[PDB]
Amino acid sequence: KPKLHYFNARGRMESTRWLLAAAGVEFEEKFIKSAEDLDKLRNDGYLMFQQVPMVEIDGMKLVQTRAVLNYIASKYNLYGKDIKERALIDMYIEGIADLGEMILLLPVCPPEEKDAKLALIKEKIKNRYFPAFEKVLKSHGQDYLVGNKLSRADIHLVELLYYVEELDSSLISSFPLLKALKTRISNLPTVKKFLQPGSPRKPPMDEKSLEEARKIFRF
């Protein structure tokens, strides 16, 4: 089993739990709770850059998020059929991580920039991202983002549509094909199971989890 090393939070390991889950892979977590929990990993050389996410899979100690994602996605057939499909996928999931980054790091934001930053995430989701994934679905009419078969593009988009809902549920309201997608993916057996309570899907990041972040990562 893949073993995921992170603290017990969404952070930069969430899209990996979803991709693994969506692919039917069961995995272990090992939760770092302390700065010295992290230092242990560092000292045992388990971390190429002294950072996590790290994931033990197939004898490798893979750090860097995209390293983990790209590897899962190919291994489990979720990276399209050819390089032209990977390229469309990549283009999509990169627009998505760019928005996912903005939202991953709102709680770390200096508090005086927080208002200006929400407003602009909302504005980008309305004007920039959503219309772009709506154009895609509308262009081919198909159930999936690419090559008419499930891929990680569908996993990462739907995940982000969950966070966009937590932010403001009005936002997706005029992107009906996104709504349709959100639904269909969420009713895929493995994702439905992942979205159920007691799964390893993790909650929004509250306060103490943030404070648990600063302590472990020393920031």
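Note that residue numbering follows the sequence shown and begins at 1.
In this crystal structure, the stretch out of 30-38 and 154-162 whose C-alpha atoms carry the higher mean B factor is 30-38.
When 112-120 is weighed against 79-87, 112-120 comes out higher, by mean CA B-factor as recorded in the entry. Annotation for residue 204: CA B-factor lies in the highest third of the chain's modelled residues. Ranked by C-alpha B-factor against the other modelled residues of its chain, residue 183 falls in the middle third. In the PDB entry, a CA B factor belonging to the highest third of its chain's modelled residues is recorded for residue 60. Residue 169: CA B factor in the middle third of modelled residues in this chain (values from the PDB entry). Residue 93 sits in the lowest third of its chain by CA B factor, as recorded in the PDB entry.
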